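Enquirer: Just passing along the structure, written as structure tokens.
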DNA sequence: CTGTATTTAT
DNA sequence: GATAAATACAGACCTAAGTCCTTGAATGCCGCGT
DNA sequence: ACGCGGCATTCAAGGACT
Ligand SMILES: Nc1ncnc2c1ncn2[C@@H]1O[C@H](COP(=O)(O)OP(=O)(O)OP(O)(O)=S)[C@@H](O)[C@H]1O
Ligand SMILES: Nc1ncnc2c1ncn2[C@@H]1O[C@H](COP(=O)(O)OP(=O)(O)OP(O)(O)=S)[C@@H](O)[C@H]1O
Ligand SMILES: Nc1ncnc2c1ncn2[C@@H]1O[C@H](COP(=O)(O)OP(=O)(O)O)[C@@H](O)[C@H]1O
Ligand SMILES: Nc1ncnc2c1ncn2[C@@H]1O[C@H](COP(=O)(O)OP(=O)(O)O)[C@@H](O)[C@H]1O
Ligand SMILES: [Mg+2]
Ligand SMILES: [Mg+2]
Ligand SMILES: [Mg+2]
């Protein structure tokens, strides 16, 4: 029962092992969990829109809130979860969701009311509501409004623009802030200490910096580094260069080499160096990020050069995020900077 | 429940025609229509959260009384937009009499913009044939979806976005109903972020009441409003724009990064605020406005598609700097 | 006859004075066939300054809307086979062709957006413009040769058939080869030809045993062999090569495999 | 708690089948006097008002008032899972949720426990108005159903006229027209076949064929149906049960 | 043959020792393994490393593969069939064969195998770039909800098509392509075992340099030239280039020579001929652009314009169903540049 | 109030063919047909609210006299657009025997005939000819293109046009005189302008103005009926300076509550229908408007994209 | 437009 | 009878996609007759 | 009780979408 689940979680990926069981374990998204905690005492949960960068904790927060509301046993009856893995057409909105909302609130058991608040409603959690068509959300528009007495609706989407305007208007908008180093460093340190993970001074900060607002990626990176250190058996501490190697981070010397090749405006030499560079699995976005950091941060470049290079890197990132070929876009960007 | 355990957005839904504010012209026109009896086919098209549904439900209450949910065919057009609906339910309701009291019949169609073209083509004759004893009301956020024929048989009323005074009066009513206080600057910030939608106002007010440590005695300041809503403060907006405009690239990047990190503000809200500020500016040449608007629009679209936050912020800095560099 | 009956009720004398009004009110509006759409859309007079007033842009959009499934294909297939007559001063035929092709690329993007899981059919007039009108206006003029039918359909069907054949071959050789569908055609097929077809070209009918061993090493059949022999292009086409193989060798190969 | 037991499990079957087609959403509110059910059709043309009494139930116990909402489509499916020779038991806990239906026969030891999830139907107006209707008539249910189903083929509108000891059902359509004339007669030999009619003022209104055909589906409950008419008032189609009644309130068409 | 000599274990790997050590570090404690996404240049050996990791985690029986057919039903009544290579401890899904219905295969088969259950079964998504964004959105929660029963390992070449949440939910394992020296060593081992006479060893380095880091292509080219020289490689042995390479090269020559619409006739003809014979359009654009860049006559301005238009029409191809509609536009724009 | 008064559009619907004001040639031809008899098959097409249903109904009434109850079959095509309708109801009505005045025949009125499906329309082709001696079909539709060409062949193509301002003014004056409404010339002109030839819109707007404010003056009619969206959109598109276009957008469209999708769709429609601008510039502005429409439909609906679209259009016009 | 078919004309 | 005018007319039809609609075929339950 | 007889209901294929 509980012991089996405890052991199972005690040996699973750290991304799921330290999934926040309670609302207090949310590390930095205070502006929403305070509202949910103060709603815990009451029973007036508004319709909620959880929109933010991936890996910020929307799913964890909405899985802890319903738990604290209903209890482990009661939660199954009071919660309907519909992700993007299930059909998201009009029919699934007009039949499954409508039937679930129209259903009477399930009877709480004597154990449930005494310890848990058990509010007189149920929450429908729609993971990845952005994938749904405008038609399904239009159908949900009045479905949430009419049955708000016994049903509460939570929508989680990476991009708020996908959701139609009236649906976002009805739901309360809770923006989950990016999880940078400063705000999630305490959580990462807690996780590292729980597993006896040994690091240097700046490893955790650099892990969160490479993560770029994602606690899941930082947790996975820490787990990989810990596994490598344990396999080594040396007993020393994980070093930041090891993390950068394990995070798909281009070495500094190679970056200076690319910058030098860009400085010498020869198309053939740049093409040859890119052809040699793509023989290593350095992801193009990870190269554009470091090129942007080096060019913008350094003070030896003129302001106009910065203005033009920023737009060039923006265009390259936009094109690369559409599913293009890394080599052609990287070569085009490097050639444009060379002509710059 | 007792209508006390509901969200403020549904708790403070107007129940009589006198609790709907902002749309005074529509309210008085419709009240005079019903009082004299010549109530035509109504078309309430406007932005979300302007009170169209509340207005028509208050109309039903004032026309038929407390038993308005059984003498009125209220159909969610999004849920059921088929031609079978028009053939069976709407037509049988229009043709038959009332099971409760003698009087005319009102059919409210909510979100009729989702109705299929076949359904509207079927309705454009059901409305005309049964006009003697039945009246139709069409509510739709978007008027382009509705067929032109359906826009010829219904009188059109436009619901303007809620102005300042109506939002102030509703905020005062909500503040009186609860035990809460609002600073004038906090109320101004809430009005500005409302964009004419009372739904946002009520949601933010409830969220700020939840944010308050002990709501009995403390006041919701502008800081609470901005923190709970997540929108950037005007001071941060001005500081960021000033740093980009007339400071070095390193200092501008530092300022933008520290502003974003310290308060957790999103970059897209910063772009919208900066656009709002620079629009109020008076610009010497036309080209700088064109370049600024175009580049910022592509940056916002790429943010909508996602990507690298730092790269997009640097792109914003570069676009603004180049646009104002054209002004020399 | 119906027009004669209906008009004669009021006007007893149909003459040259009222023929224009009778024609303008009784004209048949018949949807043009996908060939006449290609002819009219690819006409210099239509996009001329005088012709624009006679044939407006909304008329052009409706001309597209007559057939919304074949006009983008017909224009794409016959926009670069016309002699232009609306070339701007300082613009050659190739520049107009490039601009038109860019416009057709944007129109294909719009079509993919319309005809995908989002079903953004409200963008259909935008697709009409981007696919048919702007590219044709860029290269408008006189038809040099004849209006051909869209070749994209047949080549797409051929591509689907070849993809099915490649899928079957790849799934047959999956155990032996750790590859994907595309990689097999890209890399292995040239070597598979050298291990199957070239031995028949050089050794003769005695290389049948080695060929059979090669096919059995990856669970290939005669149909698989024929399908691989049809996959090569350019210099490595085998359509003439297999014919020059003696019929005795092919017959013995078939009997031995059976 | 509620423990309502039917000696004839087919009685509730027949009652539900009477108005299963008419409405899908109904609020079965159980009080001490008996079960009262009321529902309105999607087109809002027919009002269904069921009133079962304690005399029907072999054992009826209702501790506190309770409102039990269910879907007729699913509930009828549940009822078709019982044989004729069983006794039904309706069970509901203190908090209304997941009503339990028990089909038990003790001659052959068999137990059939079925459940139905309750639904939150907001409409609980529960109002009917007693009016001094212009005409009150009673005829056998089979004859009225035969007339309705025979005249529904001609057109979609059936017109009923009440005059001095004359009842006429008129249906004029595209393929033709037809009118059935009956008079109130009393037969001492067979009282069940008699037809009564008490009229105050002449009555003239038209109803729909679909709703009339849906109403005559209730003829399987009682052998005689009483029909009361008034000028621009809801026609009352009443089927009297042993302990109560089932009434259909039809809304006529507009002239 | 390429399949004749393929490592069957982690300890048999010979190139990128860092990657091997990383894989053994992951395999040390296998009950705690994140979801993986193998990525790198095509032909590196990513699938071999994934299967070696599988053999390290499970027993040596992971290579006993069996093909099975699992019929599926789409939204319509159309019937769709998938070949699912399976092993007692793992199974493989390649959704590129299906079209826009890869979402259905994902959500049904992966959820089914999740309900079915060394407590996890690893699923290998060999083709992850051809996965539509809707399929990845459906797979977004399958990874997290069923993380106790199914642990995905993904094979990929370029991470750009893969969406951000999928990359976030999975550990990234970089695969550098083999260096020329290691490719030459592997070729030397092959020719030693295959008894291929070598006049000198510069031949192997030439094949390694003609493969651009690809080992599969290197071995295939080795055997291809071993058949044209009677299993005896000479110094002047020509390098065997695949047919599509030659066709693309002739296409570049024609674009460089004849910059006319009449030349565009035959350019579209060659593009149609290439597309009809199971050749992807993005590969066509990549090879065409790089071969055009290699033309010595063109100056720097033409090269820059060519790479710019190549990037633009690559974006257009990535956002377009009809491939030739963008390929012809790219070729015409390049002709206008010249 | 429990009861309502009949709308002016239906209360003052013409009951005789003479009351119809527009399309004088067609009305006179239909009056001559009504007097003489032998009504031919016809399709009546045009814009909404110009008197197509009224014309055919008056023709049927006058032609059939007291026999309108049986000789006329009323079937809204959108309501009944199935091949079953043609097979059973239309066929049975056509084969029905009915004694009529010599010249007259039975009339089938199929309003909104553009919505009939292909199967029913094709099945009607032989019913139109086989029973033509007794039954005459009449079609009314918004767009005649939806009706198949063979069906158009069997009937007279009687096409309507948008009502002229003079005829709408005449009808409005007649109703004003009949119902004693106070009015001003500016108010009537503004009602005509807002109606844009749609007489039904004109009468509905008159009803609204009278009931709401009581006086037909320009001020009241503009408050109760907004100015037509395409005109403000065209003014925004055709402004000389970028800042003027931005100001017009901000004041008239964004702040008044018009949506982004409505604005971009109306801009596209106005641009395609513009005549002063040359076709090439019109096409490139259409391209920019279409890109903005794509962004709005993908979900980026903001003032920023509309301002950027205006900037691109102004750059395009400014060379 | 190019190529094929049919009717009136030379 | 052949060769010109003079013109009407055919060249061709794909696969996915979401949702509503219609039409015919296949399916089910329920009333009447023996 | 037991078997057909229409008639309501469910299933499947084709067409259209400005
Ligand atoms: N605020 C947080 N506090 C603590 N752990 C967190 C937080 N956010 C994320 N995590 C960790 O990251 C894991 C995944 O979090 P999720 O809530 O699923 O991320 P996400 O917001 O759902 O991203 P998506 O699903 O791609 S939009 C959790 O199980 C935690 O281990
Ligand atoms: N004019 C108003 N006066 C008072 N409260 C208002 C007003 N408009 C909106 N609200 C509040 O906002 C809530 C939503 O109002 P609705 O009428 O449902 O919105 P809407 O105008 O119909 O827009 P939709 O639903 O997106 S079409 C109401 O229940 C009120 O609490
Ligand atoms: N470490 C290695 N040592 C020897 N051969 C290798 C090694 N890695 C890959 N190979 C060769 O690569 C071939 C398979 O390549 P593959 O894994 O299909 O490329 P990809 O990375 O594109 O999947 C095998 O036949 C094997 O001989
Ligand atoms: N030419 C006209 N003369 C007088 N009234 C008209 C005219 N056209 C339309 N109307 C008025 O419009 C109302 C409805 O018009 P209708 O004929 O239904 O429009 P449509 O022709 O689009 O069906 C009628 O009541 C009629 O009074
Ligand atoms: Mg999530
Ligand atoms: Mg609403
Ligand atoms: Mg009409």
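We're sticking with Swiss-Prot numbering for chain E, so the shown stretch reads 4-120, 133-353, in order.
The way this entry was determined, per its header, is electron microscopy, 3.0 Å.
Even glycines carry a Cβ here, placed using N, Cα and C.
The ATP binding site feature in Swiss-Prot is assigned to E:5, E:17, E:43, E:44, E:45, E:46, E:47, E:48, E:49, E:50, E:51, E:231.
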Enquirer: Measuring CB to CB from residue E:49 (ATP binding site), give everything in the same chain under 8 Å that is also at least six residues away in sequence.
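Expert: Listed in sequence order, they are E:41, E:42, E:43, E:170, E:190.
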Enquirer: Among the binding-site residues E:43, E:45, E:47, E:49, E:51, say which ones reach under 8 Å of chain C by Cβ distance, listed as they appear in sequence.
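Expert: Listed binding-site residues meeting the cut-off: E:45, E:51.
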Enquirer: Measure from each Cβ of the binding-site residues E:43, E:45, E:49 to the Cβ atoms of chain D, and list in sequence order the residues where some distance is under 8 Å, or 'none'.
Expert: none
Enquirer: Could you list the residues of the same chain, at least six apart in sequence, whose Cβ is under 8 A from the Cβ of residue E:47 (ATP binding site)?
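Expert: Expected: E:190, E:191, E:192, E:193, E:228, E:229, E:230.
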Enquirer: Output, ordered by sequence, the same-chain residues six or more apart from residue E:51 (ATP binding site) with a CB under 8 Å from its CB, or 'none'.
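Expert: Residues satisfying the criterion: E:9, E:10, E:16.
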Enquirer: Where does residue E:47 (ATP binding site) sit in DSSP terms: helix, strand, or coil?
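Expert: DSSP assigns residue E:47 (ATP binding site) to coil.
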Enquirer: Across all chains shown, how many C-beta atoms besides its own are within 10 angstroms of the C-beta of residue E:45 (ATP binding site)?
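Expert: If we count other Cβ atoms within 10 Å of residue E:45 (ATP binding site), we arrive at 20.
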Enquirer: So if I measure Cβ to Cβ from residue E:5 (ATP binding site) and keep only same-chain residues at least 6 apart in sequence, which ones fall under 8 Å?
Expert: E:231, E:234, E:235, E:238
Enquirer: Inside 10 Å of the Cβ of residue E:43 (ATP binding site), count up the other Cβ atoms and send me the figure.
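Expert: That number is 28.
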Enquirer: Filter the binding-site residues E:5, E:43, E:45 down to the ones with a Cβ under 8 Å from chain A's Cβ atoms, keeping sequence order.
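Expert: Listed binding-site residues passing the 8 Å Cβ cut to A: E:43.
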Enquirer: Per DSSP, to which secondary structure element type does residue E:5 (ATP binding site) belong, with helix, strand and coil as the options?
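Expert: In three-state terms, residue E:5 (ATP binding site) counts as coil.
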